[PDB]
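Peer 1: Sending over coords_28.cif (mmCIF, C-alpha atoms and all ligand atoms).
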```cif
data_data
loop_
_atom_site.label_atom_id
_atom_site.label_comp_id
_atom_site.auth_asym_id
_atom_site.auth_seq_id
_atom_site.Cartn_x
_atom_site.Cartn_y
_atom_site.Cartn_z
CA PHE S 17 -2.99 7.54 5.63
CA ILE S 18 -2.88 4.73 3.06
CA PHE S 19 -5.38 3.92 0.31
CA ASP S 20 -7.50 1.40 2.34
CA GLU S 21 -11.17 0.30 2.18
CA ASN S 22 -12.19 3.62 3.72
CA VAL S 23 -10.26 5.92 1.39
CA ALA S 24 -11.40 3.78 -1.56
CA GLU S 25 -15.00 4.39 -0.51
CA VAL S 26 -15.04 8.14 0.07
CA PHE S 27 -12.53 8.82 -2.81
CA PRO S 28 -14.86 10.42 -5.39
CA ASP S 29 -16.17 12.85 -2.80
CA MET S 30 -12.74 13.51 -1.19
CA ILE S 31 -11.09 14.38 -4.51
CA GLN S 32 -14.12 16.45 -5.60
CA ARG S 33 -13.85 18.66 -2.53
CA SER S 34 -10.09 18.99 -2.71
CA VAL S 35 -8.96 19.24 -6.37
CA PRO S 36 -10.11 22.45 -8.05
CA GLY S 37 -11.23 21.67 -11.57
CA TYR S 38 -10.98 17.87 -11.06
CA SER S 39 -14.20 17.23 -12.88
CA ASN S 40 -13.33 19.42 -15.89
CA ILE S 41 -10.09 17.48 -16.30
CA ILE S 42 -11.97 14.20 -16.37
CA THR S 43 -14.31 15.60 -19.11
CA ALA S 44 -11.28 16.97 -21.00
CA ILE S 45 -9.58 13.56 -20.73
CA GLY S 46 -12.56 12.18 -22.71
CA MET S 47 -12.05 14.94 -25.37
CA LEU S 48 -8.34 14.11 -25.48
CA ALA S 49 -9.09 10.40 -25.87
CA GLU S 50 -11.30 11.17 -28.86
CA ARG S 51 -8.43 13.14 -30.41
CA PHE S 52 -5.52 10.94 -29.50
CA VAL S 53 -6.61 7.34 -29.14
CA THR S 54 -5.97 5.39 -32.36
CA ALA S 55 -7.42 2.04 -33.49
CA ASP S 56 -5.38 -1.06 -32.65
CA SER S 57 -3.71 0.58 -29.62
CA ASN S 58 -3.73 0.45 -25.86
CA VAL S 59 -4.68 3.08 -23.32
CA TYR S 60 -3.06 2.93 -19.86
CA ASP S 61 -4.54 4.69 -16.82
CA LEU S 62 -1.77 4.74 -14.21
CA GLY S 63 -2.89 4.85 -10.57
CA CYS S 64 -6.40 4.43 -11.79
CA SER S 65 -8.27 4.50 -8.43
CA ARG S 66 -12.05 4.21 -8.99
CA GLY S 67 -11.57 4.51 -12.75
CA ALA S 68 -13.00 7.99 -13.46
CA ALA S 69 -10.40 8.87 -16.10
CA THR S 70 -10.63 5.36 -17.41
CA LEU S 71 -14.36 5.54 -18.02
CA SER S 72 -14.09 9.07 -19.41
CA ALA S 73 -11.62 7.86 -21.98
CA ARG S 74 -13.57 4.65 -22.68
CA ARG S 75 -16.76 6.56 -23.31
CA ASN S 76 -15.11 8.77 -25.91
CA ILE S 77 -13.13 6.13 -27.89
CA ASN S 78 -14.74 5.21 -31.20
CA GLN S 79 -11.89 3.32 -32.78
CA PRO S 80 -11.69 -0.45 -33.23
CA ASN S 81 -9.38 -2.88 -31.58
CA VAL S 82 -8.55 -0.59 -28.62
CA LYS S 83 -7.81 -1.96 -25.15
CA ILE S 84 -7.63 -0.14 -21.80
CA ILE S 85 -5.40 -1.20 -18.94
CA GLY S 86 -5.85 0.51 -15.60
CA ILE S 87 -3.28 -0.08 -12.85
CA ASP S 88 -3.44 0.71 -9.09
CA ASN S 89 -1.36 -0.99 -6.36
CA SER S 90 -4.13 -0.75 -3.75
CA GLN S 91 -6.38 -3.84 -3.71
CA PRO S 92 -9.28 -1.92 -2.07
CA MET S 93 -9.09 0.59 -4.89
CA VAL S 94 -8.77 -2.12 -7.61
CA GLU S 95 -11.82 -4.01 -6.43
CA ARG S 96 -14.18 -1.01 -6.63
CA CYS S 97 -12.58 -0.04 -9.92
CA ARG S 98 -13.27 -3.31 -11.67
CA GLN S 99 -16.77 -3.44 -10.26
CA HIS S 100 -17.46 0.19 -11.12
CA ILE S 101 -16.34 -0.50 -14.72
CA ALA S 102 -18.26 -3.80 -15.18
CA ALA S 103 -21.39 -1.68 -14.44
CA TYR S 104 -21.18 0.10 -17.82
CA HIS S 105 -21.43 -1.60 -21.10
CA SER S 106 -18.92 -1.03 -23.82
CA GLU S 107 -17.34 -2.89 -26.62
CA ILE S 108 -13.96 -1.70 -25.42
CA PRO S 109 -12.42 -4.19 -23.03
CA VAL S 110 -10.74 -2.94 -19.84
CA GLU S 111 -8.24 -4.92 -17.76
CA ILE S 112 -7.48 -3.56 -14.32
CA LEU S 113 -4.33 -4.73 -12.63
CA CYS S 114 -3.20 -4.57 -9.02
CA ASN S 115 0.48 -3.68 -9.36
CA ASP S 116 2.91 -0.98 -8.72
CA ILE S 117 3.22 1.28 -11.83
CA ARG S 118 6.99 1.19 -11.58
CA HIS S 119 7.04 -2.48 -12.62
CA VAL S 120 4.39 -2.67 -15.33
CA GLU S 121 5.00 -2.90 -19.01
CA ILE S 122 3.71 -0.18 -21.36
CA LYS S 123 3.43 -1.07 -25.02
CA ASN S 124 1.62 0.01 -28.20
CA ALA S 125 0.02 2.95 -26.36
CA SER S 126 -1.68 5.86 -28.07
CA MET S 127 -2.51 7.34 -24.64
CA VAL S 128 -1.16 7.15 -21.10
CA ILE S 129 -2.76 8.85 -18.12
CA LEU S 130 -0.98 9.80 -14.91
CA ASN S 131 -3.82 11.68 -13.30
CA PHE S 132 -2.47 12.97 -9.98
CA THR S 133 -0.39 9.93 -9.45
CA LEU S 134 3.24 10.81 -10.14
CA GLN S 135 3.38 12.96 -7.04
CA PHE S 136 2.91 9.77 -5.01
CA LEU S 137 6.07 8.14 -6.45
CA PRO S 138 9.46 8.83 -4.87
CA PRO S 139 10.98 11.76 -6.74
CA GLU S 140 13.94 9.63 -7.80
CA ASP S 141 11.58 7.16 -9.49
CA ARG S 142 9.79 9.62 -11.77
CA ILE S 143 12.22 9.88 -14.66
CA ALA S 144 12.43 6.13 -15.03
CA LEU S 145 8.62 5.83 -15.15
CA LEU S 146 8.21 8.71 -17.64
CA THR S 147 10.98 7.16 -19.67
CA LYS S 148 9.24 3.82 -19.78
CA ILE S 149 6.03 5.65 -20.74
CA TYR S 150 7.81 7.57 -23.48
CA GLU S 151 9.22 4.30 -24.84
CA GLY S 152 5.94 2.46 -24.67
CA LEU S 153 3.98 5.13 -26.58
CA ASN S 154 3.64 4.96 -30.32
CA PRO S 155 4.54 7.94 -32.52
CA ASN S 156 2.07 10.78 -31.88
CA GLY S 157 1.01 9.05 -28.69
CA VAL S 158 0.07 11.19 -25.69
CA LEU S 159 0.87 11.32 -21.92
CA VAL S 160 -1.71 13.30 -19.99
CA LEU S 161 -0.08 14.39 -16.73
CA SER S 162 -2.23 16.06 -13.99
CA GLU S 163 -0.45 17.18 -10.81
CA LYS S 164 -0.56 19.45 -7.84
CA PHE S 165 2.11 21.97 -8.48
CA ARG S 166 4.47 23.90 -6.33
CA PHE S 167 5.64 27.38 -7.40
CA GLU S 168 9.23 28.55 -7.09
CA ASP S 169 7.88 32.04 -6.16
CA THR S 170 7.04 31.87 -2.46
CA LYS S 171 4.53 34.63 -2.42
CA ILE S 172 2.66 33.15 -5.37
CA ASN S 173 2.83 29.65 -3.87
CA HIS S 174 1.08 30.95 -0.76
CA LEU S 175 -1.45 32.93 -2.69
CA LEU S 176 -2.42 29.81 -4.59
CA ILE S 177 -2.37 27.50 -1.56
CA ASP S 178 -4.76 29.96 0.12
CA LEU S 179 -7.13 29.95 -2.88
CA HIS S 180 -6.94 26.20 -2.67
CA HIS S 181 -7.91 26.38 1.06
CA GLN S 182 -10.78 28.79 0.21
CA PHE S 183 -12.07 26.15 -2.31
CA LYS S 184 -11.77 23.27 0.14
CA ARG S 185 -13.75 25.25 2.71
CA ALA S 186 -16.36 26.32 0.21
CA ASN S 187 -16.92 22.62 -0.48
CA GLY S 188 -16.97 21.52 3.15
CA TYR S 189 -13.82 19.49 2.82
CA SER S 190 -13.36 19.25 6.63
CA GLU S 191 -16.62 17.34 6.97
CA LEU S 192 -14.82 14.24 5.71
CA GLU S 193 -13.43 11.88 8.31
CA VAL S 194 -10.27 11.30 6.13
CA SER S 195 -9.94 15.09 5.89
CA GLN S 196 -7.02 15.50 8.29
CA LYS S 197 -4.90 12.44 7.51
CA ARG S 198 -5.31 13.48 3.88
CA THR S 199 -4.32 17.06 4.66
CA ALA S 200 -1.24 15.79 6.53
CA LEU S 201 -0.18 13.82 3.46
CA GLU S 202 -0.35 16.80 1.11
CA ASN S 203 1.82 18.77 3.57
CA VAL S 204 4.66 16.28 3.10
CA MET S 205 4.03 15.43 -0.58
CA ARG S 206 7.02 16.20 -2.83
CA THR S 207 5.41 18.12 -5.68
CA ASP S 208 7.19 19.69 -8.64
CA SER S 209 6.77 23.05 -10.33
CA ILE S 210 5.22 23.23 -13.81
CA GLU S 211 8.56 24.13 -15.28
CA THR S 212 10.21 21.10 -13.64
CA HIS S 213 7.56 18.87 -15.17
CA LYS S 214 7.98 20.31 -18.67
CA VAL S 215 11.78 20.20 -18.67
CA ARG S 216 11.76 16.55 -17.52
CA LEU S 217 9.15 15.55 -20.06
CA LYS S 218 11.25 17.17 -22.79
CA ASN S 219 14.41 15.44 -21.57
CA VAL S 220 12.75 12.05 -21.77
CA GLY S 221 12.12 12.84 -25.45
CA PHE S 222 8.65 14.18 -25.96
CA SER S 223 8.37 16.60 -28.86
CA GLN S 224 5.38 18.64 -27.72
CA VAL S 225 4.96 19.47 -24.07
CA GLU S 226 2.47 21.96 -22.74
CA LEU S 227 0.24 22.79 -19.82
CA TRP S 228 -3.37 22.73 -21.11
CA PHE S 229 -5.25 23.27 -17.87
CA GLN S 230 -4.85 24.94 -14.52
CA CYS S 231 -6.89 26.11 -11.59
CA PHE S 232 -4.88 27.63 -8.72
CA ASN S 233 -2.12 25.13 -7.86
CA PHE S 234 -3.50 22.15 -9.69
CA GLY S 235 -3.30 21.49 -13.38
CA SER S 236 -2.62 19.14 -16.21
CA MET S 237 -0.27 18.92 -19.10
CA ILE S 238 0.15 16.92 -22.30
CA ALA S 239 3.31 15.47 -23.82
CA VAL S 240 3.07 14.21 -27.40
CA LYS S 241 5.63 11.71 -28.63
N1 LIG S 301 3.15 2.88 -7.38
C1 LIG S 301 1.85 2.84 -7.60
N2 LIG S 301 1.35 1.87 -8.46
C2 LIG S 301 0.03 1.87 -8.67
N3 LIG S 301 -0.88 2.68 -8.16
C3 LIG S 301 -0.34 3.65 -7.31
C4 LIG S 301 1.00 3.78 -7.00
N4 LIG S 301 1.23 4.85 -6.12
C5 LIG S 301 0.07 5.40 -5.89
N5 LIG S 301 -0.98 4.70 -6.61
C6 LIG S 301 -2.43 5.04 -6.63
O1 LIG S 301 -2.36 6.44 -6.91
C7 LIG S 301 -3.71 6.91 -6.87
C8 LIG S 301 -3.62 8.40 -6.58
SE1 LIG S 301 -5.33 9.38 -6.57
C9 LIG S 301 -5.56 9.30 -8.51
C10 LIG S 301 -6.83 9.93 -9.10
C11 LIG S 301 -7.42 8.97 -10.17
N6 LIG S 301 -6.37 8.70 -11.18
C12 LIG S 301 -8.72 9.59 -10.83
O2 LIG S 301 -8.69 9.91 -12.04
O3 LIG S 301 -9.72 9.82 -10.11
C13 LIG S 301 -4.44 5.98 -5.73
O4 LIG S 301 -5.69 5.29 -6.05
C14 LIG S 301 -3.26 5.03 -5.35
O5 LIG S 301 -3.58 3.72 -4.84
CL CL S 302 -5.25 11.83 -5.12
#
```
Would you mind writing the structure in this file as structure tokens?
Peer 2:
Amino acid sequence: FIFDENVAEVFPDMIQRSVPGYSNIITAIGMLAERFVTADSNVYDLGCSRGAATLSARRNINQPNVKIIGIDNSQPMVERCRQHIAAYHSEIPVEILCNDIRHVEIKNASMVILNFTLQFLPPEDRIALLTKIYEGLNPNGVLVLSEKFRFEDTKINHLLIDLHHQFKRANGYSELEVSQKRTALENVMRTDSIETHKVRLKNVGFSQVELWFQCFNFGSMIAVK
């Protein structure tokens, strides 16, 4: 399982059937962009995929001189992203780059989005990235971090994983061809608890850090510089 032509194609439907609340987060990201994106700044969408978060933010930014930069290291993903974005008109320019988030520069940002992406980085690479993001954000800038969480409490972790399997079934997740390779990946994915995420965000330097959304074992938080 890699992010190839096939995963890039079925992605909106795969993530819809597997991430509870996915869609509400995307809508909320637009609300957050309205609140946090300032004029004359940049907005980064890290591991941007098809550009759902990117367009949600773009559609809700009404400030001048704002630029969006989406980054995804998969070429198949980046091609559909750029094309998907050129299909909607806007006076806000968007540059989509094909790189690995660990090497990109982040500067003059009012908003950074890591929407279910951090979990795909080696655990030992996460602090460095979040640190670079903290340094690249302007004062009062915001990091929106959505992740699949693990729960220290075993019994709760299983209860939530089960609710997550009830949701996947309800949505016919297994109908997808990518369904099993995808499910194998999540089994070996090194996810963090919500508390781990908060403590690390605070250690990097963010002043405000809080979970603002959750549905079973998936959620999203915000860290304000
Ligand atoms: N190191 C990396 N650099 C850039 N993109 C990455 C990296 N690791 C994983 N990715 C990208 O991480 C994404 C995880 Se799925 C992300 C969901 C998407 N942000 C949305 O809002 O719908 C994939 O598209 C994948 O190619
Ligand atoms: Cl994903």
Peer 1: My list of candidates is S:137, S:153, S:68, S:194. Which is closest to residue 20 (chain S) when distances are computed with only C-alpha atoms?
Peer 2: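 Distance minimum relative to residue 20 (chain S) lands on S:194.
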Peer 1: Using Å and a single decimal, report how far CA of residue 46 (chain S) sits from CA of residue 29 (chain S).
Peer 2: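 Answer for the CA of residue 29 (chain S) to CA of residue 46 (chain S) separation: 20.2 Å.
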Peer 1: For ligand LIG 301 (chain S), list the contacting residues at 9 Å or closer, counting only C-alpha atoms and all ligand atoms, as an MDAnalysis selection string.
Peer 2: chainID S and resid 18:20 23:24 27:28 31 38 41:42 61:70 87:94 113:120 129:137 162
Peer 1: May I have the selected residues written with C-alpha atoms, as a compact mmCIF listing (two decimals), in the coordinates of the input?
Peer 2:
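Written file, out.txt:
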```txt
# COMPACT_ATOMS: atom_id res chain seq x y z
CA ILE S 18 -2.88 4.73 3.06
CA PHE S 19 -5.38 3.92 0.31
CA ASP S 20 -7.50 1.40 2.34
CA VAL S 23 -10.26 5.92 1.39
CA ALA S 24 -11.40 3.78 -1.56
CA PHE S 27 -12.53 8.82 -2.81
CA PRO S 28 -14.86 10.42 -5.39
CA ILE S 31 -11.09 14.38 -4.51
CA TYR S 38 -10.98 17.87 -11.06
CA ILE S 41 -10.09 17.48 -16.30
CA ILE S 42 -11.97 14.20 -16.37
CA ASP S 61 -4.54 4.69 -16.82
CA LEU S 62 -1.77 4.74 -14.21
CA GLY S 63 -2.89 4.85 -10.57
CA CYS S 64 -6.40 4.43 -11.79
CA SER S 65 -8.27 4.50 -8.43
CA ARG S 66 -12.05 4.21 -8.99
CA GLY S 67 -11.57 4.51 -12.75
CA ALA S 68 -13.00 7.99 -13.46
CA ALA S 69 -10.40 8.87 -16.10
CA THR S 70 -10.63 5.36 -17.41
CA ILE S 87 -3.28 -0.08 -12.85
CA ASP S 88 -3.44 0.71 -9.09
CA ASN S 89 -1.36 -0.99 -6.36
CA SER S 90 -4.13 -0.75 -3.75
CA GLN S 91 -6.38 -3.84 -3.71
CA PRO S 92 -9.28 -1.92 -2.07
CA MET S 93 -9.09 0.59 -4.89
CA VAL S 94 -8.77 -2.12 -7.61
CA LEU S 113 -4.33 -4.73 -12.63
CA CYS S 114 -3.20 -4.57 -9.02
CA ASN S 115 0.48 -3.68 -9.36
CA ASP S 116 2.91 -0.98 -8.72
CA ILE S 117 3.22 1.28 -11.83
CA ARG S 118 6.99 1.19 -11.58
CA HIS S 119 7.04 -2.48 -12.62
CA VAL S 120 4.39 -2.67 -15.33
CA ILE S 129 -2.76 8.85 -18.12
CA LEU S 130 -0.98 9.80 -14.91
CA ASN S 131 -3.82 11.68 -13.30
CA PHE S 132 -2.47 12.97 -9.98
CA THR S 133 -0.39 9.93 -9.45
CA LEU S 134 3.24 10.81 -10.14
CA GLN S 135 3.38 12.96 -7.04
CA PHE S 136 2.91 9.77 -5.01
CA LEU S 137 6.07 8.14 -6.45
CA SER S 162 -2.23 16.06 -13.99
```
Peer 1: Determine the nearest neighbour of ligand CL 302 (chain S) from the options S:241, S:198, S:189, S:109, counting all atoms listed in the file.
Peer 2: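 Of the candidates, the smallest distance to ligand CL 302 (chain S) is held by S:198.
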Peer 1: Between S:105, S:183, S:57, S:213, single out the one closest to residue 37 (chain S), counting only C-alpha atoms.
Peer 2: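 Distance minimum relative to residue 37 (chain S) lands on S:183.
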Peer 1: Pick out the residues sitting within 12 Å of residue 106 (chain S), and hand them over as JSON, numbers by chain; count all atoms listed in the file, and ignore anything fewer than 4 positions along from it in its own chain.
Peer 2: {"S": [71, 73, 74, 75, 76, 77, 78, 80, 82, 83, 84, 101, 102, 110]}
Peer 1: Go ahead and write the residues just picked, C-alpha atoms, as an mmCIF file, in the coordinates of the input.
Peer 2:
```cif
data_model
loop_
_atom_site.group_PDB
_atom_site.id
_atom_site.type_symbol
_atom_site.label_atom_id
_atom_site.label_comp_id
_atom_site.auth_asym_id
_atom_site.auth_seq_id
_atom_site.Cartn_x
_atom_site.Cartn_y
_atom_site.Cartn_z
ATOM 1 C CA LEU S 71 -14.360 5.540 -18.020
ATOM 2 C CA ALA S 73 -11.620 7.860 -21.980
ATOM 3 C CA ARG S 74 -13.570 4.650 -22.680
ATOM 4 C CA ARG S 75 -16.760 6.560 -23.310
ATOM 5 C CA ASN S 76 -15.110 8.770 -25.910
ATOM 6 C CA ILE S 77 -13.130 6.130 -27.890
ATOM 7 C CA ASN S 78 -14.740 5.210 -31.200
ATOM 8 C CA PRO S 80 -11.690 -0.450 -33.230
ATOM 9 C CA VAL S 82 -8.550 -0.590 -28.620
ATOM 10 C CA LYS S 83 -7.810 -1.960 -25.150
ATOM 11 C CA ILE S 84 -7.630 -0.140 -21.800
ATOM 12 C CA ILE S 101 -16.340 -0.500 -14.720
ATOM 13 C CA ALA S 102 -18.260 -3.800 -15.180
ATOM 14 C CA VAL S 110 -10.740 -2.940 -19.840
#
```
Peer 1: Between S:184, S:164, S:214, S:171, single out the one closest to residue 235 (chain S), counting only C-alpha atoms.
Peer 2: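 Nearest candidate to residue 235 (chain S) out of S:184, S:164, S:214, S:171: S:164.
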Peer 1: Which residue is closest to ligand CL 302 (chain S)? Choose from S:179, S:201, S:143, S:231 and count only C-alpha atoms and all ligand atoms.
Peer 2: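 When distances to ligand CL 302 (chain S) are compared using only C-alpha atoms and all ligand atoms, the smallest one comes from S:201.
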Peer 1: May I ask which of the residues S:168, S:178, S:56, S:163 is the closest one to ligand CL 302 (chain S), counting only C-alpha atoms and all ligand atoms?
Peer 2: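 With only C-alpha atoms and all ligand atoms as the atom set, the closest residue is S:163.
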Peer 1: CA of residue 199 (chain S) and CA of residue 165 (chain S), how far apart in Å?
Peer 2: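 Separation of CA of residue 165 (chain S) and CA of residue 199 (chain S): 15.4 Å.
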Peer 1: Return as AutoDock Vina command-line options the centre and edge lengths, in Å with one decimal, of the box along x, y and z that encloses every atom of region 125-142 of chain S in the file, padded by 3 Å per side.
Peer 2:
```
--center_x 5.1 --center_y 8.0 --center_z -16.5 --size_x 23.8 --size_y 16.0 --size_z 29.2
```
Peer 1: Could you state the separation of CA of residue 219 (chain S) and CA of residue 157 (chain S) in Å, given to one decimal place?
Peer 2: 16.5 Å
Peer 1: So which residues fall inside 12 Å of (4.4, 1.5, -26.4) if we count only C-alpha atoms? Mind giving them as a PyMOL selection string?
Peer 2: chain S and resi 56-60+120-128+146-159+241
